Each structure stands twice: as C-alpha cells, then as structure tokens.
Amino acid sequence: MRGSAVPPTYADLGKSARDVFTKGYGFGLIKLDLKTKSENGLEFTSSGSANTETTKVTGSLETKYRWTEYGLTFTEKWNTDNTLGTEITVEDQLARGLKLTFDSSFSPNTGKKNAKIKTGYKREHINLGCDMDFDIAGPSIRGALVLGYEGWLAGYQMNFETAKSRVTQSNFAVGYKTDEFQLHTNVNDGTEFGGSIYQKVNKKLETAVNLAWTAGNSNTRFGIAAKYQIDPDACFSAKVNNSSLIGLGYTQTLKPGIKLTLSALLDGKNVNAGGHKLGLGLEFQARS
C-alpha cells in the first residue's frame with residue numbers, strides 16, 4: 001500500500017505500544033470508560049478507574065469541544081479530586097502546515113501550577129516539535145528533529161530544563177517507515193541501547209518485537225507481542241516476554257457502543273517475586 005510521509009517521534013514507540021496496551025485495560029485494574037457526545041458540536045467523555053485492582057479508587061471525567069472545521073478545538077479535561085487543565089489546538093488549514101497547541105495544565109492544590117505551549121510543524125518528509133513546558137520556577141524546553149526520507153527515517157530528540165542548565169536528557173533514535181511495517185531503534189539518553197520492529201503480514205494477523213540493551217555489561221530483557229485481528233469483534237494478545245513476563249491480553253467487542261475487554265498476567269508461581277493478577281475493562285458508549 002503506502003500511507004504518508006510524516007509521523008512524529010512517538011511513532012513506532014506508540015503504534016506498537018497501543019499494540020502492547022491491547023492487553024486489556026491494564027494488567028489488573030477495572031476501568032469503566034463511558035464515551036458520549038452531542039450534535040451541538042460538544043464531545044464528551046466520562047470515566048471511572050480502579051487502579052491497582054483495589055489498591056486505589058479514582059474517577060476521571062473530561063469534556064471535549066470541537067470548534068469550526070478550520071477553527072480550533074478545546075479539550076477541558078477536568079477531574080474529581082484531583083487536578084485539571086485545558087487544551088487549545090491551532091491549525092493553519094487542512095493542508096497540515098503548522099499546528100500549535102496550548103496547555104492550561106496546572107496544579108490544583110498542594111501542587112506546582114505549570115502550564116505550557118506544545119508546538120509542532122510538519123510537512124513532506126519531516127516534522128519537528130517545539131513543545132515548551134513553562135512550568136514552576138524553571139521552565140523546560142522540549143524539541144525533536146524528526147527527519148523524513150523515501151522509506152527511510154532518522155529521529156533526534158533534545159530535552160532542555162532549568163534556565164541555568166542548558167541540557168538535561170536528550171535521546172536520539174533511527175529507523176525507517178514502510179508500507180504497513182515499522183522498524184526503528186531507540187537510543188535513550190544516559191547511555192542506553194534499544195529498538196523495536198513492527199511486522200504486519202496480515203490484517204487478521206499482526207506481530208511486533210521489542211527489546212533494549214542497557215550499557216555497562218548488563219543482561220538483557222526481551223519482548224514478544226502479537227495480536228490476531230480476529231474477524232469477530234474480539235481480538236487477543238501474545239504478551240509473552242523473554243525477560244520474565246508471561247501474560248496474555250484478551251480484547252473483546254460486544255457490538256453497538258458497548259465493549260468488554262479482559263486480560264491477565266501469569267508469572268509462574270512466585271511468592272516474594274509475583275503471582276497471577278487480572279485486569280478488567282468496560283466501555284459504555286452513546287449517541288445523544
């Protein structure tokens with residue numbers, strides 16, 4: 001097939017991860033997420049998470065607004081406890097161009113109130129972000145020099161913090177994009193080696209493999225993932241790690257707007273190391 005010639009930095013990092021997250025809603029925690037909407041142009045999103053199985057009860061409900069086809073889009077992701085913030089999306093036009101965003105991200109109480117301006121300009125074979133975090137005391141400056149090329153790609157990330165200190169922790173990675181495949185290698189800052197590889201030979205059959213080598217002389221952790229986009233509204237997972245993780249994701253769809261996803265992890269029968277805990281996912285939707 002083909003696709004495009006852009007993709008930012010979170011590329012293969014997120015396409016395989018979303019592919020890695022498919023392992024149900026968390027390894028062990030219930031999250032009934034209900035999505036709504038209104039024709040008046042007002043999008044909605046109510047949610048109720050129960051992380052750590054029962055080691056924490058949290059509720060998170062947000063509001064989304066879409067303004068004009070050319071205008072902008074405001075995301076008021078409020079909360080219940082908790083914290084808040086907002087988003088102002090800037091688009092030049094359908095023809096991509098540059099797209100600026102504003103974060104009203106802040107700290108409710110006992111927190112460090114700090115928003116920021118996430119920038120980003122794209123085009124043919126390239127796209128760099130100007131993500132700026134103007135936080136408390138010392139502001140942080142993010143960057144990214146992603147480079148395009150005919151079925152070839154090379155990325156570069158720089159992270160600035162504090163006004164006195166110029167550099168903090170910047171990583172650089174490489175790899176090229178391919179017709180339905182994605183291969184890259186991440187080189188985290190601080191001396192770290194690692195990479196990932198997506199392989200899609202079928203729409204009903206999907207695969208991927210991750211792994212990273214830690215400098216020094218350290219051992220090695222593996223990662224074998226795979227999902228079969230089963231014809232019926234129900235796909236699963238092959239979440240098997242060679243490092244020491246043996247779990248599996250089971251995604252399930254139950255027609256209209258309601259979907260139930262269940263997954264679990266089994267690390268043998270450890271006592272002081274780990275055991276077997278399951279995760280639950282619920283999805284209540286609507287029309288309105």
# chains A, B, ... in the order shown; residues from 1 in each chain; ligands from 1
>>> residues_around(residues="residue 83 in chain A", least_positions_apart="5", cutoff="7 Å", atoms="only C-alpha atoms", output="VMD selection string")
chain A and resid 78 107 to 108
>>> residues_around(residues="range 3-15 of chain A", least_positions_apart="5", cutoff="9 Å", atoms="only C-alpha atoms", output="number ranges by chain")
A: 20, 122-129, 144-151, 155-157, 177-180, 182-184, 186, 196-198
>>> write_last_selection(atoms="N, CA and C atoms", output="compact mmCIF listing (two decimals), in the first residue's frame")
# COMPACT_ATOMS: atom_id res chain seq x y z
N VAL A 20 0.68 -2.84 22.39
CA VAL A 20 1.14 -3.53 23.60
C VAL A 20 0.12 -3.33 24.71
N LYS A 122 4.83 20.46 10.59
CA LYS A 122 5.05 19.30 9.74
C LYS A 122 4.99 19.62 8.26
N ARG A 123 5.41 18.65 7.45
CA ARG A 123 5.43 18.79 6.00
C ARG A 123 5.76 17.45 5.37
N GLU A 124 6.31 17.51 4.16
CA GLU A 124 6.68 16.31 3.41
C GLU A 124 7.38 15.28 4.28
N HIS A 125 8.68 15.12 4.06
CA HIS A 125 9.47 14.16 4.81
C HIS A 125 10.16 14.79 6.02
N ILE A 126 9.36 15.19 7.00
CA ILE A 126 9.91 15.79 8.21
C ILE A 126 8.82 16.32 9.12
N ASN A 127 9.21 16.68 10.33
CA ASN A 127 8.31 17.25 11.32
C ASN A 127 9.00 17.38 12.67
N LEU A 128 9.08 18.61 13.16
CA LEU A 128 9.74 18.87 14.43
C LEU A 128 8.81 19.57 15.39
N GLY A 129 8.85 19.16 16.66
CA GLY A 129 8.03 19.75 17.70
C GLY A 129 8.76 20.83 18.47
N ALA A 144 12.54 18.24 18.96
CA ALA A 144 12.56 16.98 18.24
C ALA A 144 12.87 17.27 16.78
N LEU A 145 13.88 16.60 16.25
CA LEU A 145 14.28 16.81 14.87
C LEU A 145 14.05 15.57 14.02
N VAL A 146 12.79 15.17 13.88
CA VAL A 146 12.46 14.01 13.07
C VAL A 146 12.73 14.30 11.60
N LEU A 147 13.33 13.34 10.91
CA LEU A 147 13.69 13.51 9.50
C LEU A 147 13.05 12.49 8.58
N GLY A 148 12.48 12.98 7.49
CA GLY A 148 11.84 12.13 6.50
C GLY A 148 12.78 11.69 5.40
N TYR A 149 12.39 10.63 4.70
CA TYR A 149 13.19 10.09 3.61
C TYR A 149 12.43 8.94 2.96
N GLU A 150 12.63 8.78 1.65
CA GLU A 150 11.97 7.73 0.89
C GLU A 150 12.13 6.36 1.55
N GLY A 151 11.15 5.97 2.36
CA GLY A 151 11.18 4.70 3.06
C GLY A 151 12.33 4.62 4.03
N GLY A 155 15.49 9.97 13.58
CA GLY A 155 14.99 10.91 14.56
C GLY A 155 16.03 11.42 15.53
N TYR A 156 15.72 12.54 16.18
CA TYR A 156 16.62 13.16 17.15
C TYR A 156 15.83 14.01 18.15
N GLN A 157 15.98 13.71 19.44
CA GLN A 157 15.24 14.40 20.50
C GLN A 157 16.14 15.08 21.53
N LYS A 177 10.29 4.06 7.89
CA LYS A 177 8.89 3.67 7.78
C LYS A 177 8.67 2.84 6.52
N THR A 178 7.75 1.89 6.60
CA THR A 178 7.46 1.02 5.47
C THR A 178 5.98 0.69 5.32
N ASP A 179 5.57 0.47 4.08
CA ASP A 179 4.20 0.11 3.75
C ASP A 179 3.61 -0.91 4.71
N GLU A 180 3.04 -0.44 5.81
CA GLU A 180 2.42 -1.31 6.81
C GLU A 180 3.38 -2.00 7.78
N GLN A 182 6.99 -1.11 10.46
CA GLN A 182 7.69 -0.03 11.13
C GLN A 182 8.90 -0.60 11.87
N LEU A 183 10.08 -0.11 11.54
CA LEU A 183 11.30 -0.59 12.18
C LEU A 183 12.14 0.58 12.64
N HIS A 184 12.46 0.60 13.93
CA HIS A 184 13.29 1.67 14.47
C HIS A 184 14.16 1.15 15.60
N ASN A 186 15.61 2.77 19.41
CA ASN A 186 15.65 3.89 20.34
C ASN A 186 16.97 3.92 21.09
N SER A 196 12.87 -1.52 18.29
CA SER A 196 11.62 -2.24 18.12
C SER A 196 11.31 -2.49 16.64
N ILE A 197 10.47 -3.48 16.36
CA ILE A 197 10.12 -3.82 14.98
C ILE A 197 8.68 -4.32 14.79
N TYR A 198 7.89 -3.57 14.02
CA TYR A 198 6.50 -3.97 13.72
C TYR A 198 6.49 -4.76 12.42
>>> residues_around(residues="residue 131 in chain A", least_positions_apart="2", cutoff="10 Å", atoms="only C-alpha atoms", output="ChimeraX atom specification")
/A:100-102,116-120,128-129,133-134,140-144,159
>>> write_last_selection(atoms="N, CA and C atoms", output="PDB file, in the first residue's frame")
ATOM      1  N   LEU A 100      -0.185  24.523  16.262  1.00  0.00           N
ATOM      2  CA  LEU A 100       0.152  24.932  17.622  1.00  0.00           C
ATOM      3  C   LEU A 100      -0.907  24.536  18.645  1.00  0.00           C
ATOM      4  N   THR A 101      -0.470  24.223  19.863  1.00  0.00           N
ATOM      5  CA  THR A 101      -1.389  23.843  20.929  1.00  0.00           C
ATOM      6  C   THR A 101      -1.035  24.503  22.254  1.00  0.00           C
ATOM      7  N   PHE A 102      -2.058  24.833  23.034  1.00  0.00           N
ATOM      8  CA  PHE A 102      -1.855  25.442  24.337  1.00  0.00           C
ATOM      9  C   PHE A 102      -2.339  24.589  25.489  1.00  0.00           C
ATOM     10  N   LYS A 116       1.847  25.126  29.727  1.00  0.00           N
ATOM     11  CA  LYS A 116       2.864  25.011  28.687  1.00  0.00           C
ATOM     12  C   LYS A 116       2.271  25.146  27.295  1.00  0.00           C
ATOM     13  N   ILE A 117       3.135  25.374  26.310  1.00  0.00           N
ATOM     14  CA  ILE A 117       2.712  25.529  24.921  1.00  0.00           C
ATOM     15  C   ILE A 117       3.334  24.459  24.037  1.00  0.00           C
ATOM     16  N   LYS A 118       2.527  23.512  23.573  1.00  0.00           N
ATOM     17  CA  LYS A 118       3.047  22.463  22.703  1.00  0.00           C
ATOM     18  C   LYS A 118       2.917  22.865  21.243  1.00  0.00           C
ATOM     19  N   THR A 119       4.055  23.067  20.594  1.00  0.00           N
ATOM     20  CA  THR A 119       4.061  23.470  19.201  1.00  0.00           C
ATOM     21  C   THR A 119       4.255  22.258  18.311  1.00  0.00           C
ATOM     22  N   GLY A 120       4.467  22.498  17.024  1.00  0.00           N
ATOM     23  CA  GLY A 120       4.674  21.422  16.076  1.00  0.00           C
ATOM     24  C   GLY A 120       4.427  21.847  14.645  1.00  0.00           C
ATOM     25  N   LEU A 128       9.084  18.609  13.158  1.00  0.00           N
ATOM     26  CA  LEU A 128       9.744  18.865  14.427  1.00  0.00           C
ATOM     27  C   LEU A 128       8.811  19.574  15.394  1.00  0.00           C
ATOM     28  N   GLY A 129       8.855  19.163  16.657  1.00  0.00           N
ATOM     29  CA  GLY A 129       8.027  19.746  17.697  1.00  0.00           C
ATOM     30  C   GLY A 129       8.758  20.826  18.472  1.00  0.00           C
ATOM     31  N   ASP A 133       7.468  23.564  27.919  1.00  0.00           N
ATOM     32  CA  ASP A 133       6.848  23.417  29.228  1.00  0.00           C
ATOM     33  C   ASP A 133       7.303  24.575  30.109  1.00  0.00           C
ATOM     34  N   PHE A 134       6.470  25.604  30.197  1.00  0.00           N
ATOM     35  CA  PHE A 134       6.782  26.766  31.014  1.00  0.00           C
ATOM     36  C   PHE A 134       6.257  26.524  32.425  1.00  0.00           C
ATOM     37  N   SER A 140      10.885  24.361  31.190  1.00  0.00           N
ATOM     38  CA  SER A 140      11.532  23.309  30.412  1.00  0.00           C
ATOM     39  C   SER A 140      11.244  23.484  28.929  1.00  0.00           C
ATOM     40  N   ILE A 141      12.228  23.163  28.097  1.00  0.00           N
ATOM     41  CA  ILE A 141      12.073  23.295  26.657  1.00  0.00           C
ATOM     42  C   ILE A 141      12.290  21.966  25.962  1.00  0.00           C
ATOM     43  N   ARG A 142      11.275  21.492  25.256  1.00  0.00           N
ATOM     44  CA  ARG A 142      11.424  20.258  24.515  1.00  0.00           C
ATOM     45  C   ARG A 142      11.631  20.538  23.039  1.00  0.00           C
ATOM     46  N   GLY A 143      12.159  19.546  22.334  1.00  0.00           N
ATOM     47  CA  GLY A 143      12.422  19.651  20.916  1.00  0.00           C
ATOM     48  C   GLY A 143      12.424  18.277  20.282  1.00  0.00           C
ATOM     49  N   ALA A 144      12.535  18.243  18.963  1.00  0.00           N
ATOM     50  CA  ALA A 144      12.557  16.983  18.236  1.00  0.00           C
ATOM     51  C   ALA A 144      12.865  17.266  16.778  1.00  0.00           C
ATOM     52  N   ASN A 159      16.024  17.429  25.194  1.00  0.00           N
ATOM     53  CA  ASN A 159      15.207  17.898  26.308  1.00  0.00           C
ATOM     54  C   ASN A 159      15.938  18.889  27.210  1.00  0.00           C
TER      55      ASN A 159
END
>>> residues_around(residues="range 269-286 of chain A", least_positions_apart="4", cutoff="12 Å", atoms="only C-alpha atoms", output="mmCIF file with C-alpha atoms, in the first residue's frame")
data_model
loop_
_atom_site.group_PDB
_atom_site.id
_atom_site.type_symbol
_atom_site.label_atom_id
_atom_site.label_comp_id
_atom_site.auth_asym_id
_atom_site.auth_seq_id
_atom_site.Cartn_x
_atom_site.Cartn_y
_atom_site.Cartn_z
ATOM 1 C CA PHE A 21 -1.624 -1.895 25.620
ATOM 2 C CA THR A 22 -4.164 -4.022 23.759
ATOM 3 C CA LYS A 23 -3.530 -6.416 26.639
ATOM 4 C CA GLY A 24 -6.874 -5.288 28.058
ATOM 5 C CA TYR A 25 -7.392 -2.285 30.316
ATOM 6 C CA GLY A 26 -4.287 -2.731 32.467
ATOM 7 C CA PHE A 27 -2.859 -5.992 33.768
ATOM 8 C CA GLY A 28 -5.020 -5.805 36.898
ATOM 9 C CA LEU A 29 -7.497 -2.962 37.394
ATOM 10 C CA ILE A 30 -11.093 -2.065 36.500
ATOM 11 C CA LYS A 31 -11.791 0.951 34.308
ATOM 12 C CA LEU A 32 -15.352 1.534 33.124
ATOM 13 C CA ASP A 33 -14.916 4.229 30.495
ATOM 14 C CA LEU A 34 -18.116 5.764 29.129
ATOM 15 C CA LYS A 35 -17.916 7.927 25.997
ATOM 16 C CA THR A 36 -20.706 10.299 24.951
ATOM 17 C CA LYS A 37 -21.288 13.225 22.575
ATOM 18 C CA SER A 38 -23.722 15.874 21.361
ATOM 19 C CA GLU A 39 -24.649 17.036 17.863
ATOM 20 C CA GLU A 43 -17.995 15.880 22.602
ATOM 21 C CA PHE A 44 -17.998 14.188 25.992
ATOM 22 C CA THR A 45 -16.073 11.620 27.974
ATOM 23 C CA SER A 46 -16.888 10.261 31.408
ATOM 24 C CA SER A 47 -14.604 7.669 33.040
ATOM 25 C CA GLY A 48 -14.179 5.686 36.268
ATOM 26 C CA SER A 49 -10.888 3.936 37.010
ATOM 27 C CA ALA A 50 -9.999 1.466 39.759
ATOM 28 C CA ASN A 51 -6.223 1.046 39.515
ATOM 29 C CA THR A 52 -4.068 -1.464 41.397
ATOM 30 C CA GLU A 53 -7.053 -3.802 41.366
ATOM 31 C CA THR A 54 -8.249 -2.393 44.700
ATOM 32 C CA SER A 244 10.474 -12.995 32.725
ATOM 33 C CA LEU A 245 6.945 -11.849 31.857
ATOM 34 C CA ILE A 246 4.319 -14.401 30.787
ATOM 35 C CA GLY A 247 0.887 -12.810 30.353
ATOM 36 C CA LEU A 248 -1.811 -12.523 27.723
ATOM 37 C CA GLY A 249 -4.241 -9.860 26.557
ATOM 38 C CA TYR A 250 -7.810 -10.675 25.548
ATOM 39 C CA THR A 251 -9.691 -7.854 23.796
ATOM 40 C CA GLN A 252 -13.434 -8.246 23.314
ATOM 41 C CA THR A 253 -16.090 -6.233 21.498
ATOM 42 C CA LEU A 254 -19.824 -6.509 22.138
ATOM 43 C CA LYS A 255 -21.499 -4.626 19.286
ATOM 44 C CA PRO A 256 -23.020 -1.022 19.157
ATOM 45 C CA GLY A 257 -21.176 1.214 21.607
ATOM 46 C CA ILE A 258 -20.538 -1.259 24.417
ATOM 47 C CA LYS A 259 -17.344 -3.296 24.656
ATOM 48 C CA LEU A 260 -15.823 -5.546 27.329
ATOM 49 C CA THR A 261 -12.076 -6.163 27.431
ATOM 50 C CA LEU A 262 -10.406 -8.626 29.788
ATOM 51 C CA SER A 263 -6.747 -9.586 30.191
ATOM 52 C CA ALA A 264 -4.353 -11.177 32.686
ATOM 53 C CA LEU A 265 -0.731 -11.870 33.594
#
>>> closest_residue(among="A:112, A:56, A:204, A:164", to="residue 227 in chain A", atoms="only C-alpha atoms")
A:204
>>> atom_distance(atom1="CA of residue 111 in chain A", atom2="CA of residue 136 in chain A")
9.8 Å
>>> residues_around(residues="residue 169 in chain A", least_positions_apart="4", cutoff="8 Å", atoms="only C-alpha atoms", output="VMD selection string")
chain A and resid 158 to 160 189 to 190
>>> select_by_dssp(residues="range 28-235 of chain A", states="strand (DSSP E)", output="PyMOL selection string")
chain A and resi 30-37+42-50+58-59+62-67+72-76+87-90+101-103+116-118+121-123+126-128+132-133+140-142+146-147+159-161+174-178+181-186+192-199+206-214+221-227+234-235
>>> closest_residue(among="A:59, A:216, A:138, A:268", to="residue 192 in chain A", atoms="only C-alpha atoms")
A:216
>>> residues_around(residues="residue 70 in chain A", least_positions_apart="4", cutoff="9 Å", atoms="only C-alpha atoms", output="PyMOL selection string")
chain A and resi 91-94
>>> write_last_selection(atoms="N, CA and C atoms", output="compact mmCIF listing (two decimals), in the first residue's frame")
# COMPACT_ATOMS: atom_id res chain seq x y z
N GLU A 91 -4.65 25.09 14.17
CA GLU A 91 -4.40 24.53 12.85
C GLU A 91 -4.37 25.63 11.80
N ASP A 92 -3.44 25.52 10.86
CA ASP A 92 -3.33 26.52 9.80
C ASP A 92 -4.38 26.25 8.73
N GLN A 93 -4.57 24.97 8.41
CA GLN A 93 -5.56 24.54 7.43
C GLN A 93 -5.47 23.01 7.25
N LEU A 94 -6.38 22.45 6.46
CA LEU A 94 -6.39 21.00 6.22
C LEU A 94 -5.03 20.53 5.70
>>> atom_distance(atom1="CA of residue 115 in chain A", atom2="CA of residue 60 in chain A")
19.4 Å
>>> residues_around(residues="residue 73 in chain A", least_positions_apart="6", cutoff="8 Å", atoms="only C-alpha atoms", output="list in words")
residues 64, 65, 66, 67, 87, 88, 89 and 90 of chain A
>>> write_last_selection(atoms="C-alpha atoms", output="compact mmCIF listing (two decimals), in the first residue's frame")
# COMPACT_ATOMS: atom_id res chain seq x y z
CA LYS A 64 -14.16 17.83 24.70
CA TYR A 65 -15.06 20.68 22.36
CA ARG A 66 -14.55 20.95 18.62
CA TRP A 67 -14.78 24.45 17.15
CA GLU A 87 -6.15 22.44 25.51
CA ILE A 88 -6.29 24.93 22.64
CA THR A 89 -5.47 23.37 19.28
CA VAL A 90 -4.16 25.59 16.49
>>> atom_distance(atom1="CA of residue 165 in chain A", atom2="CA of residue 135 in chain A")
15.0 Å
>>> decode(residues="range 180-222 of chain A", atoms="N, CA and C atoms", output="PDB file, in the first residue's frame")
ATOM      1  N   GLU A 180       3.036  -0.436   5.812  1.00  0.00           N
ATOM      2  CA  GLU A 180       2.419  -1.307   6.809  1.00  0.00           C
ATOM      3  C   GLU A 180       3.380  -1.997   7.778  1.00  0.00           C
ATOM      4  N   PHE A 181       4.640  -1.576   7.763  1.00  0.00           N
ATOM      5  CA  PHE A 181       5.639  -2.091   8.693  1.00  0.00           C
ATOM      6  C   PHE A 181       6.338  -0.892   9.316  1.00  0.00           C
ATOM      7  N   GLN A 182       6.986  -1.106  10.455  1.00  0.00           N
ATOM      8  CA  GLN A 182       7.695  -0.028  11.133  1.00  0.00           C
ATOM      9  C   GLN A 182       8.896  -0.596  11.871  1.00  0.00           C
ATOM     10  N   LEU A 183      10.084  -0.107  11.538  1.00  0.00           N
ATOM     11  CA  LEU A 183      11.297  -0.589  12.183  1.00  0.00           C
ATOM     12  C   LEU A 183      12.144   0.580  12.642  1.00  0.00           C
ATOM     13  N   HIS A 184      12.461   0.603  13.929  1.00  0.00           N
ATOM     14  CA  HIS A 184      13.287   1.667  14.468  1.00  0.00           C
ATOM     15  C   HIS A 184      14.156   1.154  15.600  1.00  0.00           C
ATOM     16  N   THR A 185      14.965   2.050  16.144  1.00  0.00           N
ATOM     17  CA  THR A 185      15.848   1.722  17.246  1.00  0.00           C
ATOM     18  C   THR A 185      15.929   2.945  18.134  1.00  0.00           C
ATOM     19  N   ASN A 186      15.610   2.773  19.410  1.00  0.00           N
ATOM     20  CA  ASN A 186      15.649   3.891  20.335  1.00  0.00           C
ATOM     21  C   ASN A 186      16.966   3.924  21.094  1.00  0.00           C
ATOM     22  N   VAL A 187      17.579   5.104  21.156  1.00  0.00           N
ATOM     23  CA  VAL A 187      18.832   5.289  21.884  1.00  0.00           C
ATOM     24  C   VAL A 187      18.642   6.299  23.005  1.00  0.00           C
ATOM     25  N   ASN A 188      18.006   5.848  24.078  1.00  0.00           N
ATOM     26  CA  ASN A 188      17.741   6.704  25.218  1.00  0.00           C
ATOM     27  C   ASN A 188      19.009   7.410  25.669  1.00  0.00           C
ATOM     28  N   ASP A 189      18.836   8.570  26.290  1.00  0.00           N
ATOM     29  CA  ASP A 189      19.968   9.337  26.783  1.00  0.00           C
ATOM     30  C   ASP A 189      20.457   8.704  28.077  1.00  0.00           C
ATOM     31  N   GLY A 190      21.697   9.000  28.447  1.00  0.00           N
ATOM     32  CA  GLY A 190      22.285   8.444  29.650  1.00  0.00           C
ATOM     33  C   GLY A 190      22.975   7.129  29.349  1.00  0.00           C
ATOM     34  N   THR A 191      23.142   6.849  28.060  1.00  0.00           N
ATOM     35  CA  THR A 191      23.802   5.630  27.610  1.00  0.00           C
ATOM     36  C   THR A 191      22.886   4.416  27.681  1.00  0.00           C
ATOM     37  N   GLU A 192      21.993   4.300  26.704  1.00  0.00           N
ATOM     38  CA  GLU A 192      21.066   3.177  26.650  1.00  0.00           C
ATOM     39  C   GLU A 192      20.863   2.698  25.218  1.00  0.00           C
ATOM     40  N   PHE A 193      20.802   1.381  25.039  1.00  0.00           N
ATOM     41  CA  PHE A 193      20.596   0.799  23.719  1.00  0.00           C
ATOM     42  C   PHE A 193      19.272   0.031  23.675  1.00  0.00           C
ATOM     43  N   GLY A 194      18.541   0.172  22.568  1.00  0.00           N
ATOM     44  CA  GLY A 194      17.257  -0.483  22.381  1.00  0.00           C
ATOM     45  C   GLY A 194      16.592  -0.170  21.048  1.00  0.00           C
ATOM     46  N   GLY A 195      15.641  -1.014  20.658  1.00  0.00           N
ATOM     47  CA  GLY A 195      14.916  -0.853  19.409  1.00  0.00           C
ATOM     48  C   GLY A 195      13.653  -1.696  19.354  1.00  0.00           C
ATOM     49  N   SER A 196      12.872  -1.517  18.291  1.00  0.00           N
ATOM     50  CA  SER A 196      11.616  -2.244  18.120  1.00  0.00           C
ATOM     51  C   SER A 196      11.309  -2.491  16.640  1.00  0.00           C
ATOM     52  N   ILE A 197      10.465  -3.482  16.359  1.00  0.00           N
ATOM     53  CA  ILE A 197      10.123  -3.818  14.978  1.00  0.00           C
ATOM     54  C   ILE A 197       8.684  -4.315  14.792  1.00  0.00           C
ATOM     55  N   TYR A 198       7.886  -3.575  14.020  1.00  0.00           N
ATOM     56  CA  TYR A 198       6.503  -3.969  13.716  1.00  0.00           C
ATOM     57  C   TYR A 198       6.489  -4.762  12.421  1.00  0.00           C
ATOM     58  N   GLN A 199       5.693  -5.822  12.380  1.00  0.00           N
ATOM     59  CA  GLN A 199       5.527  -6.580  11.150  1.00  0.00           C
ATOM     60  C   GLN A 199       4.063  -6.935  10.954  1.00  0.00           C
ATOM     61  N   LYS A 200       3.460  -6.379   9.913  1.00  0.00           N
ATOM     62  CA  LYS A 200       2.067  -6.662   9.607  1.00  0.00           C
ATOM     63  C   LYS A 200       1.964  -7.384   8.270  1.00  0.00           C
ATOM     64  N   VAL A 201       1.914  -8.711   8.318  1.00  0.00           N
ATOM     65  CA  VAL A 201       1.803  -9.502   7.101  1.00  0.00           C
ATOM     66  C   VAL A 201       0.338  -9.777   6.777  1.00  0.00           C
ATOM     67  N   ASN A 202      -0.545  -9.466   7.723  1.00  0.00           N
ATOM     68  CA  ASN A 202      -1.979  -9.681   7.539  1.00  0.00           C
ATOM     69  C   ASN A 202      -2.786  -8.691   8.382  1.00  0.00           C
ATOM     70  N   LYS A 203      -4.025  -8.424   7.978  1.00  0.00           N
ATOM     71  CA  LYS A 203      -4.886  -7.539   8.754  1.00  0.00           C
ATOM     72  C   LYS A 203      -5.539  -8.357   9.863  1.00  0.00           C
ATOM     73  N   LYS A 204      -5.648  -9.659   9.627  1.00  0.00           N
ATOM     74  CA  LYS A 204      -6.190 -10.579  10.613  1.00  0.00           C
ATOM     75  C   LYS A 204      -5.043 -11.071  11.497  1.00  0.00           C
ATOM     76  N   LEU A 205      -3.819 -10.962  10.984  1.00  0.00           N
ATOM     77  CA  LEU A 205      -2.624 -11.394  11.710  1.00  0.00           C
ATOM     78  C   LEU A 205      -1.664 -10.221  11.924  1.00  0.00           C
ATOM     79  N   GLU A 206      -1.231 -10.016  13.164  1.00  0.00           N
ATOM     80  CA  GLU A 206      -0.327  -8.909  13.472  1.00  0.00           C
ATOM     81  C   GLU A 206       0.778  -9.311  14.447  1.00  0.00           C
ATOM     82  N   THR A 207       1.955  -8.705  14.295  1.00  0.00           N
ATOM     83  CA  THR A 207       3.095  -9.026  15.153  1.00  0.00           C
ATOM     84  C   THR A 207       3.997  -7.832  15.456  1.00  0.00           C
ATOM     85  N   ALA A 208       4.875  -8.017  16.438  1.00  0.00           N
ATOM     86  CA  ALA A 208       5.818  -6.985  16.853  1.00  0.00           C
ATOM     87  C   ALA A 208       6.813  -7.535  17.870  1.00  0.00           C
ATOM     88  N   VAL A 209       8.002  -6.944  17.920  1.00  0.00           N
ATOM     89  CA  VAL A 209       9.011  -7.379  18.876  1.00  0.00           C
ATOM     90  C   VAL A 209       9.870  -6.236  19.405  1.00  0.00           C
ATOM     91  N   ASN A 210       9.955  -6.151  20.729  1.00  0.00           N
ATOM     92  CA  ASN A 210      10.704  -5.098  21.398  1.00  0.00           C
ATOM     93  C   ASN A 210      11.886  -5.681  22.151  1.00  0.00           C
ATOM     94  N   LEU A 211      12.824  -4.814  22.514  1.00  0.00           N
ATOM     95  CA  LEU A 211      13.997  -5.232  23.266  1.00  0.00           C
ATOM     96  C   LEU A 211      15.000  -4.087  23.399  1.00  0.00           C
ATOM     97  N   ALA A 212      15.654  -4.008  24.554  1.00  0.00           N
ATOM     98  CA  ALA A 212      16.634  -2.957  24.809  1.00  0.00           C
ATOM     99  C   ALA A 212      17.846  -3.470  25.591  1.00  0.00           C
ATOM    100  N   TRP A 213      19.036  -3.012  25.207  1.00  0.00           N
ATOM    101  CA  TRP A 213      20.273  -3.402  25.885  1.00  0.00           C
ATOM    102  C   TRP A 213      20.784  -2.236  26.729  1.00  0.00           C
ATOM    103  N   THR A 214      20.995  -2.488  28.016  1.00  0.00           N
ATOM    104  CA  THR A 214      21.467  -1.454  28.928  1.00  0.00           C
ATOM    105  C   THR A 214      22.988  -1.463  29.042  1.00  0.00           C
ATOM    106  N   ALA A 215      23.614  -0.371  28.611  1.00  0.00           N
ATOM    107  CA  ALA A 215      25.069  -0.240  28.644  1.00  0.00           C
ATOM    108  C   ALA A 215      25.675  -0.653  29.982  1.00  0.00           C
ATOM    109  N   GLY A 216      26.994  -0.817  30.000  1.00  0.00           N
ATOM    110  CA  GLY A 216      27.715  -1.227  31.190  1.00  0.00           C
ATOM    111  C   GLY A 216      28.236  -2.641  31.030  1.00  0.00           C
ATOM    112  N   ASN A 217      27.304  -3.580  30.898  1.00  0.00           N
ATOM    113  CA  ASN A 217      27.592  -5.003  30.714  1.00  0.00           C
ATOM    114  C   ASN A 217      26.327  -5.760  31.108  1.00  0.00           C
ATOM    115  N   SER A 218      25.320  -4.993  31.516  1.00  0.00           N
ATOM    116  CA  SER A 218      24.032  -5.516  31.957  1.00  0.00           C
ATOM    117  C   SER A 218      23.494  -6.663  31.099  1.00  0.00           C
ATOM    118  N   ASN A 219      22.565  -7.428  31.666  1.00  0.00           N
ATOM    119  CA  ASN A 219      21.965  -8.565  30.977  1.00  0.00           C
ATOM    120  C   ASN A 219      21.159  -8.134  29.754  1.00  0.00           C
ATOM    121  N   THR A 220      19.914  -8.594  29.666  1.00  0.00           N
ATOM    122  CA  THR A 220      19.053  -8.257  28.536  1.00  0.00           C
ATOM    123  C   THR A 220      17.598  -8.674  28.767  1.00  0.00           C
ATOM    124  N   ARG A 221      16.665  -7.770  28.470  1.00  0.00           N
ATOM    125  CA  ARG A 221      15.238  -8.059  28.609  1.00  0.00           C
ATOM    126  C   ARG A 221      14.576  -8.128  27.235  1.00  0.00           C
ATOM    127  N   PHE A 222      13.742  -9.142  27.028  1.00  0.00           N
ATOM    128  CA  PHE A 222      13.069  -9.327  25.747  1.00  0.00           C
ATOM    129  C   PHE A 222      11.622  -8.843  25.739  1.00  0.00           C
TER     130      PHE A 222
END
